[PDB]
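Peer 1: This is start_19.tsv (TSV, N, CA and C atoms).
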chain	number	residue	atom	x	y	z
F	63	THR	N	-154.71	-114.44	-204.21
F	63	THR	CA	-155.94	-114.65	-203.45
F	63	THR	C	-155.85	-115.91	-202.61
F	64	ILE	N	-155.58	-117.06	-203.24
F	64	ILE	CA	-155.56	-118.35	-202.55
F	64	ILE	C	-154.57	-118.35	-201.39
F	65	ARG	N	-153.38	-117.76	-201.57
F	65	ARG	CA	-152.41	-117.78	-200.48
F	65	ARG	C	-152.73	-116.73	-199.42
F	66	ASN	N	-152.93	-115.47	-199.82
F	66	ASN	CA	-153.00	-114.38	-198.84
F	66	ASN	C	-154.32	-114.37	-198.09
F	67	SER	N	-155.44	-114.68	-198.77
F	67	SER	CA	-156.75	-114.65	-198.12
F	67	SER	C	-156.83	-115.63	-196.96
F	68	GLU	N	-155.90	-116.58	-196.89
F	68	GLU	CA	-155.78	-117.43	-195.71
F	68	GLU	C	-154.54	-117.07	-194.89
F	69	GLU	N	-153.51	-116.55	-195.56
F	69	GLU	CA	-152.23	-116.32	-194.91
F	69	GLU	C	-152.26	-115.06	-194.04
F	70	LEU	N	-153.31	-114.27	-194.16
F	70	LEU	CA	-153.45	-113.09	-193.31
F	70	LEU	C	-154.77	-113.09	-192.55
F	71	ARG	N	-155.73	-113.93	-192.95
F	71	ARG	CA	-157.00	-114.00	-192.24
F	71	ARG	C	-156.94	-114.92	-191.03
F	72	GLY	N	-156.67	-116.21	-191.26
F	72	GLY	CA	-156.84	-117.20	-190.21
F	72	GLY	C	-155.87	-117.05	-189.05
F	73	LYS	N	-154.59	-116.84	-189.35
F	73	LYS	CA	-153.62	-116.61	-188.29
F	73	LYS	C	-153.93	-115.34	-187.51
F	74	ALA	N	-154.51	-114.33	-188.16
F	74	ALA	CA	-154.88	-113.11	-187.45
F	74	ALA	C	-156.00	-113.38	-186.46
F	75	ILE	N	-156.99	-114.18	-186.87
F	75	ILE	CA	-158.06	-114.57	-185.96
F	75	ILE	C	-157.51	-115.40	-184.81
F	76	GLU	N	-156.55	-116.28	-185.11
F	76	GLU	CA	-155.97	-117.14	-184.08
F	76	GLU	C	-155.22	-116.31	-183.04
F	77	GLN	N	-154.34	-115.41	-183.49
F	77	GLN	CA	-153.62	-114.55	-182.56
F	77	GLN	C	-154.57	-113.60	-181.84
F	78	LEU	N	-155.63	-113.15	-182.52
F	78	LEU	CA	-156.60	-112.26	-181.90
F	78	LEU	C	-157.36	-112.91	-180.76
F	79	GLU	N	-157.91	-114.11	-180.98
F	79	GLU	CA	-158.61	-114.82	-179.92
F	79	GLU	C	-157.68	-115.39	-178.87
F	80	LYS	N	-156.47	-115.80	-179.24
F	80	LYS	CA	-155.50	-116.20	-178.23
F	80	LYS	C	-155.03	-115.00	-177.43
F	81	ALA	N	-155.17	-113.79	-177.97
F	81	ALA	CA	-154.86	-112.60	-177.19
F	81	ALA	C	-155.93	-112.33	-176.15
F	82	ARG	N	-157.20	-112.60	-176.49
F	82	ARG	CA	-158.25	-112.55	-175.48
F	82	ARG	C	-158.06	-113.65	-174.43
F	83	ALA	N	-157.62	-114.83	-174.86
F	83	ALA	CA	-157.40	-115.92	-173.91
F	83	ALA	C	-156.22	-115.63	-172.99
F	84	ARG	N	-155.13	-115.10	-173.54
F	84	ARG	CA	-154.00	-114.65	-172.74
F	84	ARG	C	-154.36	-113.49	-171.83
F	85	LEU	N	-155.24	-112.59	-172.27
F	85	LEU	CA	-155.78	-111.57	-171.38
F	85	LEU	C	-156.54	-112.20	-170.23
F	86	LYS	N	-157.34	-113.23	-170.51
F	86	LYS	CA	-158.04	-113.93	-169.43
F	86	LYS	C	-157.06	-114.60	-168.48
F	87	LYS	N	-155.96	-115.13	-169.01
F	87	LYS	CA	-154.97	-115.78	-168.15
F	87	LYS	C	-154.24	-114.77	-167.26
F	88	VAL	N	-153.79	-113.66	-167.84
F	88	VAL	CA	-153.12	-112.66	-167.02
F	88	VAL	C	-154.12	-111.93	-166.13
F	89	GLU	N	-155.39	-111.90	-166.51
F	89	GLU	CA	-156.44	-111.40	-165.63
F	89	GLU	C	-156.65	-112.36	-164.46
F	90	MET	N	-156.52	-113.66	-164.70
F	90	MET	CA	-156.58	-114.62	-163.61
F	90	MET	C	-155.37	-114.45	-162.69
F	91	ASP	N	-154.21	-114.14	-163.27
F	91	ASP	CA	-153.05	-113.85	-162.43
F	91	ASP	C	-153.21	-112.51	-161.72
F	92	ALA	N	-154.07	-111.62	-162.25
F	92	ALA	CA	-154.43	-110.41	-161.51
F	92	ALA	C	-155.43	-110.70	-160.40
F	93	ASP	N	-156.32	-111.66	-160.60
F	93	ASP	CA	-157.13	-112.17	-159.50
F	93	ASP	C	-156.25	-112.79	-158.42
F	94	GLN	N	-155.13	-113.38	-158.84
F	94	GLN	CA	-154.11	-113.80	-157.88
F	94	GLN	C	-153.36	-112.60	-157.31
F	95	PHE	N	-153.24	-111.53	-158.09
F	95	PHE	CA	-152.57	-110.32	-157.61
F	95	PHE	C	-153.41	-109.63	-156.54
F	96	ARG	N	-154.71	-109.90	-156.54
F	96	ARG	CA	-155.53	-109.55	-155.38
F	96	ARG	C	-154.94	-110.17	-154.12
F	97	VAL	N	-154.81	-111.50	-154.11
F	97	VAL	CA	-154.25	-112.23	-152.97
F	97	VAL	C	-152.81	-111.80	-152.69
F	98	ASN	N	-152.07	-111.42	-153.75
F	98	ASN	CA	-150.65	-111.08	-153.64
F	98	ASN	C	-150.38	-110.03	-152.57
F	99	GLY	N	-151.33	-109.13	-152.34
F	99	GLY	CA	-151.17	-108.17	-151.28
F	99	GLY	C	-152.34	-108.13	-150.32
F	100	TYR	N	-153.49	-108.69	-150.70
F	100	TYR	CA	-154.74	-108.39	-150.02
F	100	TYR	C	-154.82	-109.09	-148.67
F	101	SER	N	-154.45	-110.37	-148.62
F	101	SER	CA	-154.53	-111.11	-147.36
F	101	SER	C	-153.54	-110.55	-146.34
F	102	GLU	N	-152.48	-109.90	-146.81
F	102	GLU	CA	-151.50	-109.31	-145.89
F	102	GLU	C	-151.89	-107.89	-145.50
F	103	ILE	N	-152.47	-107.12	-146.43
F	103	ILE	CA	-152.86	-105.76	-146.11
F	103	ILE	C	-154.20	-105.70	-145.39
F	104	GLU	N	-154.92	-106.81	-145.31
F	104	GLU	CA	-156.01	-106.90	-144.35
F	104	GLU	C	-155.45	-107.09	-142.94
F	105	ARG	N	-154.28	-107.71	-142.84
F	105	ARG	CA	-153.61	-107.88	-141.56
F	105	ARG	C	-152.80	-106.65	-141.16
F	106	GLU	N	-152.37	-105.83	-142.13
F	106	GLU	CA	-151.44	-104.73	-141.84
F	106	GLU	C	-151.96	-103.81	-140.74
F	107	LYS	N	-153.28	-103.74	-140.58
F	107	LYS	CA	-153.90	-103.13	-139.41
F	107	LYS	C	-153.34	-103.73	-138.12
F	108	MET	N	-153.56	-105.03	-137.93
F	108	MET	CA	-153.10	-105.69	-136.71
F	108	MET	C	-151.58	-105.76	-136.67
F	109	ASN	N	-150.94	-105.70	-137.84
F	109	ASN	CA	-149.48	-105.66	-137.89
F	109	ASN	C	-148.94	-104.38	-137.27
F	110	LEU	N	-149.44	-103.23	-137.72
F	110	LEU	CA	-148.95	-101.96	-137.21
F	110	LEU	C	-149.50	-101.67	-135.81
F	111	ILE	N	-150.51	-102.43	-135.39
F	111	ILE	CA	-150.98	-102.30	-134.01
F	111	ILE	C	-150.16	-103.19	-133.07
F	112	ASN	N	-149.87	-104.42	-133.49
F	112	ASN	CA	-149.24	-105.40	-132.61
F	112	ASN	C	-147.73	-105.22	-132.56
F	113	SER	N	-147.12	-104.74	-133.65
F	113	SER	CA	-145.70	-104.43	-133.61
F	113	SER	C	-145.43	-103.32	-132.60
F	114	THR	N	-146.29	-102.31	-132.56
F	114	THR	CA	-146.19	-101.24	-131.58
F	114	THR	C	-146.78	-101.62	-130.23
F	115	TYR	N	-147.53	-102.73	-130.15
F	115	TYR	CA	-147.91	-103.28	-128.84
F	115	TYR	C	-146.68	-103.61	-128.00
F	116	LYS	N	-145.57	-103.98	-128.63
F	116	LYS	CA	-144.38	-104.30	-127.84
F	116	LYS	C	-143.70	-103.03	-127.33
F	117	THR	N	-143.73	-101.95	-128.12
F	117	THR	CA	-143.24	-100.67	-127.62
F	117	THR	C	-144.15	-100.14	-126.52
F	118	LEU	N	-145.46	-100.34	-126.67
F	118	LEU	CA	-146.40	-100.02	-125.60
F	118	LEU	C	-146.18	-100.91	-124.38
F	119	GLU	N	-145.66	-102.12	-124.58
F	119	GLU	CA	-145.28	-102.96	-123.44
F	119	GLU	C	-144.05	-102.40	-122.75
F	120	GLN	N	-143.10	-101.88	-123.53
F	120	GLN	CA	-141.99	-101.14	-122.93
F	120	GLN	C	-142.51	-99.90	-122.20
F	121	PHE	N	-143.57	-99.28	-122.72
F	121	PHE	CA	-144.23	-98.19	-122.02
F	121	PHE	C	-144.89	-98.67	-120.73
F	122	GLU	N	-145.41	-99.90	-120.72
F	122	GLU	CA	-145.97	-100.48	-119.50
F	122	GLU	C	-144.87	-100.74	-118.48
F	123	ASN	N	-143.71	-101.21	-118.95
F	123	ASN	CA	-142.55	-101.31	-118.08
F	123	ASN	C	-142.10	-99.93	-117.60
O	168	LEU	N	-155.89	-93.70	-137.72
O	168	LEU	CA	-156.74	-93.00	-136.76
O	168	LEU	C	-157.20	-93.93	-135.63
O	169	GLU	N	-157.52	-95.18	-135.97
O	169	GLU	CA	-157.85	-96.17	-134.94
O	169	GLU	C	-156.67	-96.43	-134.01
O	170	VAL	N	-155.45	-96.45	-134.57
O	170	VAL	CA	-154.25	-96.57	-133.75
O	170	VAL	C	-154.13	-95.38	-132.81
O	171	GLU	N	-154.49	-94.19	-133.28
O	171	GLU	CA	-154.45	-93.00	-132.42
O	171	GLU	C	-155.46	-93.10	-131.29
O	172	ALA	N	-156.66	-93.62	-131.59
O	172	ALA	CA	-157.64	-93.86	-130.53
O	172	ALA	C	-157.16	-94.92	-129.54
O	173	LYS	N	-156.46	-95.95	-130.01
O	173	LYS	CA	-155.87	-96.93	-129.11
O	173	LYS	C	-154.78	-96.31	-128.24
O	174	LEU	N	-154.02	-95.38	-128.81
O	174	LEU	CA	-153.07	-94.60	-128.02
O	174	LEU	C	-153.77	-93.79	-126.94
O	175	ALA	N	-154.93	-93.23	-127.27
O	175	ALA	CA	-155.72	-92.53	-126.26
O	175	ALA	C	-156.18	-93.48	-125.16
O	176	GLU	N	-156.54	-94.71	-125.52
O	176	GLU	CA	-156.91	-95.71	-124.52
O	176	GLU	C	-155.74	-96.01	-123.58
O	177	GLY	N	-154.57	-96.31	-124.15
O	177	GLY	CA	-153.40	-96.55	-123.32
O	177	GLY	C	-153.00	-95.34	-122.50
O	178	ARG	N	-153.26	-94.14	-123.03
O	178	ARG	CA	-152.98	-92.93	-122.28
O	178	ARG	C	-153.92	-92.79	-121.09
O	179	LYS	N	-155.19	-93.17	-121.25
O	179	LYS	CA	-156.07	-93.16	-120.09
O	179	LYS	C	-155.66	-94.22	-119.08
O	180	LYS	N	-155.10	-95.33	-119.57
O	180	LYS	CA	-154.59	-96.35	-118.66
O	180	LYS	C	-153.42	-95.82	-117.83
O	181	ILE	N	-152.49	-95.08	-118.45
O	181	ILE	CA	-151.40	-94.52	-117.65
O	181	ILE	C	-151.93	-93.43	-116.72
O	182	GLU	N	-152.95	-92.67	-117.15
O	182	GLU	CA	-153.57	-91.70	-116.23
O	182	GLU	C	-154.04	-92.39	-114.95
O	183	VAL	N	-154.88	-93.42	-115.09
O	183	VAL	CA	-155.47	-94.03	-113.90
O	183	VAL	C	-154.41	-94.75	-113.07
O	184	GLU	N	-153.50	-95.48	-113.72
O	184	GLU	CA	-152.47	-96.20	-112.99
O	184	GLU	C	-151.56	-95.25	-112.23
O	185	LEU	N	-151.01	-94.25	-112.94
O	185	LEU	CA	-150.16	-93.24	-112.31
O	185	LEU	C	-150.84	-92.59	-111.13
O	186	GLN	N	-152.07	-92.09	-111.33
O	186	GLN	CA	-152.71	-91.30	-110.28
O	186	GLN	C	-153.01	-92.15	-109.05
O	187	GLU	N	-153.64	-93.31	-109.24
O	187	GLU	CA	-154.04	-94.11	-108.07
O	187	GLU	C	-152.83	-94.74	-107.38
O	188	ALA	N	-151.85	-95.25	-108.15
O	188	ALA	CA	-150.68	-95.84	-107.52
O	188	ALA	C	-149.82	-94.79	-106.83
O	189	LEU	N	-149.71	-93.59	-107.41
O	189	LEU	CA	-148.95	-92.53	-106.76
O	189	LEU	C	-149.63	-92.08	-105.48
O	190	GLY	N	-150.96	-91.99	-105.49
O	190	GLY	CA	-151.67	-91.68	-104.26
O	190	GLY	C	-151.44	-92.72	-103.18
O	191	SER	N	-151.58	-94.00	-103.53
O	191	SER	CA	-151.35	-95.07	-102.57
O	191	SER	C	-149.92	-95.12	-102.06
O	192	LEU	N	-148.93	-94.80	-102.90
O	192	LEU	CA	-147.54	-94.83	-102.44
O	192	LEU	C	-147.21	-93.61	-101.59
O	193	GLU	N	-147.77	-92.45	-101.93
O	193	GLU	CA	-147.62	-91.26	-101.10
O	193	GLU	C	-148.31	-91.45	-99.76
O	194	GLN	N	-149.31	-92.33	-99.70
O	194	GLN	CA	-149.89	-92.68	-98.40
O	194	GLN	C	-149.02	-93.70	-97.67
O	195	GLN	N	-148.45	-94.66	-98.41
O	195	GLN	CA	-147.61	-95.69	-97.83
O	195	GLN	C	-146.37	-95.12	-97.16
O	196	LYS	N	-145.77	-94.09	-97.77
O	196	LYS	CA	-144.58	-93.48	-97.18
O	196	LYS	C	-144.91	-92.83	-95.84
O	197	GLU	N	-146.06	-92.15	-95.75
O	197	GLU	CA	-146.47	-91.56	-94.48
O	197	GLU	C	-146.80	-92.63	-93.45
O	198	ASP	N	-147.45	-93.71	-93.89
O	198	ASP	CA	-147.78	-94.81	-92.98
O	198	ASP	C	-146.52	-95.40	-92.37
O	199	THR	N	-145.51	-95.66	-93.20
O	199	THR	CA	-144.27	-96.21	-92.68
O	199	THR	C	-143.52	-95.18	-91.82
O	200	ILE	N	-143.59	-93.90	-92.18
O	200	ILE	CA	-142.93	-92.86	-91.39
O	200	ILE	C	-143.50	-92.82	-89.98
O	201	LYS	N	-144.83	-92.76	-89.87
O	201	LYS	CA	-145.45	-92.73	-88.55
O	201	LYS	C	-145.28	-94.07	-87.84
O	202	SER	N	-145.05	-95.14	-88.59
O	202	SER	CA	-144.70	-96.42	-87.97
O	202	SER	C	-143.26	-96.41	-87.46
O	203	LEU	N	-142.41	-95.55	-88.03
O	203	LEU	CA	-140.98	-95.59	-87.71
O	203	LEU	C	-140.60	-94.73	-86.50
O	204	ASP	N	-141.46	-93.80	-86.08
O	204	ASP	CA	-141.01	-92.68	-85.25
O	204	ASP	C	-140.45	-93.14	-83.91
O	205	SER	N	-141.12	-94.11	-83.27
O	205	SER	CA	-140.56	-94.69	-82.06
O	205	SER	C	-139.22	-95.36	-82.34
O	206	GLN	N	-139.10	-96.02	-83.50
O	206	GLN	CA	-137.83	-96.64	-83.83
O	206	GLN	C	-136.81	-95.62	-84.31
O	207	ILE	N	-137.23	-94.42	-84.72
O	207	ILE	CA	-136.21	-93.40	-84.97
O	207	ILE	C	-135.72	-92.79	-83.66
O	208	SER	N	-136.55	-92.74	-82.62
O	208	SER	CA	-136.03	-92.38	-81.30
O	208	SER	C	-135.06	-93.45	-80.80
O	209	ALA	N	-135.42	-94.72	-80.97
O	209	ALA	CA	-134.52	-95.81	-80.61
O	209	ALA	C	-133.24	-95.77	-81.44
O	210	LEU	N	-133.35	-95.40	-82.72
O	210	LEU	CA	-132.19	-95.35	-83.60
O	210	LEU	C	-131.26	-94.20	-83.21
O	211	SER	N	-131.83	-93.04	-82.87
O	211	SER	CA	-131.02	-91.94	-82.37
O	211	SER	C	-130.30	-92.32	-81.09
O	212	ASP	N	-131.00	-93.00	-80.17
O	212	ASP	CA	-130.35	-93.49	-78.96
O	212	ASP	C	-129.24	-94.47	-79.29
O	213	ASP	N	-129.44	-95.29	-80.33
O	213	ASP	CA	-128.41	-96.24	-80.75
O	213	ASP	C	-127.18	-95.52	-81.28
O	214	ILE	N	-127.38	-94.50	-82.13
O	214	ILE	CA	-126.26	-93.75	-82.70
O	214	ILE	C	-125.51	-93.00	-81.61
O	215	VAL	N	-126.24	-92.52	-80.60
O	215	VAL	CA	-125.61	-91.73	-79.53
O	215	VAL	C	-124.56	-92.57	-78.81
O	216	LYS	N	-124.91	-93.81	-78.46
O	216	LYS	CA	-123.96	-94.67	-77.76
O	216	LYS	C	-122.81	-95.10	-78.67
O	217	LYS	N	-123.10	-95.32	-79.95
O	217	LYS	CA	-122.04	-95.69	-80.89
O	217	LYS	C	-121.00	-94.58	-81.03
O	218	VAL	N	-121.46	-93.33	-81.17
O	218	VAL	CA	-120.56	-92.20	-81.32
O	218	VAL	C	-120.05	-91.69	-79.98
O	219	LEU	N	-120.51	-92.27	-78.87
O	219	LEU	CA	-119.83	-91.98	-77.61
O	219	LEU	C	-119.14	-93.25	-77.10
O	220	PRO	N	-117.85	-93.42	-77.39
O	220	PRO	CA	-117.11	-94.59	-76.89
O	220	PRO	C	-116.40	-94.30	-75.58
Rewrite the structure from the file as structure tokens, please.
Peer 2:
Amino acid sequence: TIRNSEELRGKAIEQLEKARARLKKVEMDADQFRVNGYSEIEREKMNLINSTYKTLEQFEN
Amino acid sequence: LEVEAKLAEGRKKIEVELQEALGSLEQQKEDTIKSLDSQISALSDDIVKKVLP
């Protein structure tokens, strides 16, 4: 009782709540994963328009 | 789809440019031709003397 009631309770709570904290950390890195593609794929519109603007400039020539 | 609409815009630009510039150039060629005719008579007279030595 004396050994196991602490040897399986407290560390389990610690890993359990640190698992929620690590979930919050990797969720924050997922909030960064928003930026990881979002600021560029908001531009990808003007990217696929302006890259072909040069071929349209060859069309103007 | 917006890119396709922009392609339609550029296509209308080539429509107007092609049509109006081709009309003006087809007029320019006639203008220069009718400007040349006296000088083509002069040019024929020039060639006649050159080929008659």
Peer 1: Have a look at CA of residue 210 (chain O) and CA of residue 196 (chain O) and let me know their distance in Å, one decimal.
Peer 2: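 Taking CA of residue 210 (chain O) as the start and CA of residue 196 (chain O) as the end point, the length is 18.5 Å.
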Peer 1: What are the residues of chain F lining chain O at 10 Å or less? Count only C-alpha atoms, and put the answer as a CSV table (one decimal) with N, CA and C atoms, in the coordinates of the input.
Peer 2:
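Result file part-v9.csv:
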chain,number,residue,atom,x,y,z
F,107,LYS,N,-153.3,-103.7,-140.6
F,107,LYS,CA,-153.9,-103.1,-139.4
F,107,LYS,C,-153.3,-103.7,-138.1
F,108,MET,N,-153.6,-105.0,-137.9
F,108,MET,CA,-153.1,-105.7,-136.7
F,108,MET,C,-151.6,-105.8,-136.7
F,110,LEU,N,-149.4,-103.2,-137.7
F,110,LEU,CA,-149.0,-102.0,-137.2
F,110,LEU,C,-149.5,-101.7,-135.8
F,111,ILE,N,-150.5,-102.4,-135.4
F,111,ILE,CA,-151.0,-102.3,-134.0
F,111,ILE,C,-150.2,-103.2,-133.1
F,114,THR,N,-146.3,-102.3,-132.6
F,114,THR,CA,-146.2,-101.2,-131.6
F,114,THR,C,-146.8,-101.6,-130.2
F,118,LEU,N,-145.5,-100.3,-126.7
F,118,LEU,CA,-146.4,-100.0,-125.6
F,118,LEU,C,-146.2,-100.9,-124.4
F,121,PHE,N,-143.6,-99.3,-122.7
F,121,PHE,CA,-144.2,-98.2,-122.0
F,121,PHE,C,-144.9,-98.7,-120.7
F,122,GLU,N,-145.4,-99.9,-120.7
F,122,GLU,CA,-146.0,-100.5,-119.5
F,122,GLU,C,-144.9,-100.7,-118.5
Peer 1: Separation of CA of residue 209 (chain O) and CA of residue 194 (chain O), in Å?
Peer 2: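 A separation of 23.7 Å between them.
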Peer 1: CA of residue 113 (chain F) and CA of residue 171 (chain O) are how many Å apart?
Peer 2: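 Computing it gives 14.4 Å between the two atoms.
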